[PDB]
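What follows is a single chain, given as structure tokens, in the form deposited in one PDB entry.
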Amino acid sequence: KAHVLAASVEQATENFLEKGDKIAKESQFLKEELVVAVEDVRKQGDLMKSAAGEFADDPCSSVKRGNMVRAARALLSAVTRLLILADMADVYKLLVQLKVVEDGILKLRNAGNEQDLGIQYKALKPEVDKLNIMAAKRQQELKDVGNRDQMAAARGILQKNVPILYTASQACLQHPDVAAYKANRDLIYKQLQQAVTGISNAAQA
């Protein structure tokens, strides 16, 4: 009946590989690297299948038991390497979207007339929304309450200030000769950049 236990390791290995194969195929980041990592999980997984099957067939053999334990170690090491790369891939995707928002904020800031300001605002709003969802999912995975709070705070500043930068820039365009509006626009822009760097650093902590 020991095979009942070996079957479960096999079932779990296949289940894991199925998920890994899909992430490696669909990833826009670390694609080749994820593929190599999954290939090894598969390689070590098949070695474990053989070792576990031998152990289950001859439980008292200190040798077969030893081969199984070592094959188990190699398998779990490969699983760990895949998890690490999968996690990095998630971080890379978030950092790319953060850059999209950072570039969009600069464009909103510097629109040359109200017509373009409205367009750059419509261009930025959706990217902010997406970034937030992604950063929130990253926040729930952060283990340090410190980094988790920094992340929460940065997301809030970003969402609260995008609408305000639009209003600030609008005032600058409507009143070109008033220096105070430009100073306000720069102040809001600064708050936003600090949120951007906050998200960037918290995401990698």
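In this text, residue numbers run from 1 along the sequence as written. If you superpose the two forms and keep the largest set of C-alpha atoms that fall within 1.5 Å, you have the rigid core.
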**Prompt:** Should the higher mean CA B-factor in the entry be assigned to 143 to 151 or to 158 to 166?
**Reply:** 143 to 151
**Fill in**
With B-factors read from the PDB entry, the higher C-alpha mean of 179 to 187 and 19 to 27 is in 19 to 27
**Complete:** Quick tally, chain-level thirds of C-alpha B-factors: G53 sits in the middle
**Item:** Assigned third (lowest, middle, highest) for the C-alpha B factor of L5
**Value:** lowest
**Message:** Quick check on the deposited entry: does the C-alpha B-factor of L173 sit in the lowest, middle or highest third of its chain?
**Reply:** highest
**Prompt:** How does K130 rank on Cα B-factor within its chain, lowest, middle or highest third?
**Reply:** middle
**Item:** For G112, the third of its chain into which the C-alpha B factor falls
**Value:** highest
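From this point on, the text means the form deposited in another entry, which you will not see here.
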**Prompt:** Following superposition of the rigid core, which of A74, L106, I119, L95 is the only residue with a C-alpha displacement of 2 Å or more between the shown form and the other one?
**Reply:** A74
**Prompt:** Is the C-alpha displacement of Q174 equal to or greater than 2 Å between the shown form and the other one once the rigid core has been superposed?
**Reply:** no
**Request:** Spell out whether the Cα of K64 moves at least 2 Å between the shown form and the other one when the two forms are superposed on their rigid core.
**Result:** yes
**Prompt:** Is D40 among the residues whose Cα moves by 2 Å or more between the shown form and the other one after superposition of the rigid core?
**Reply:** no
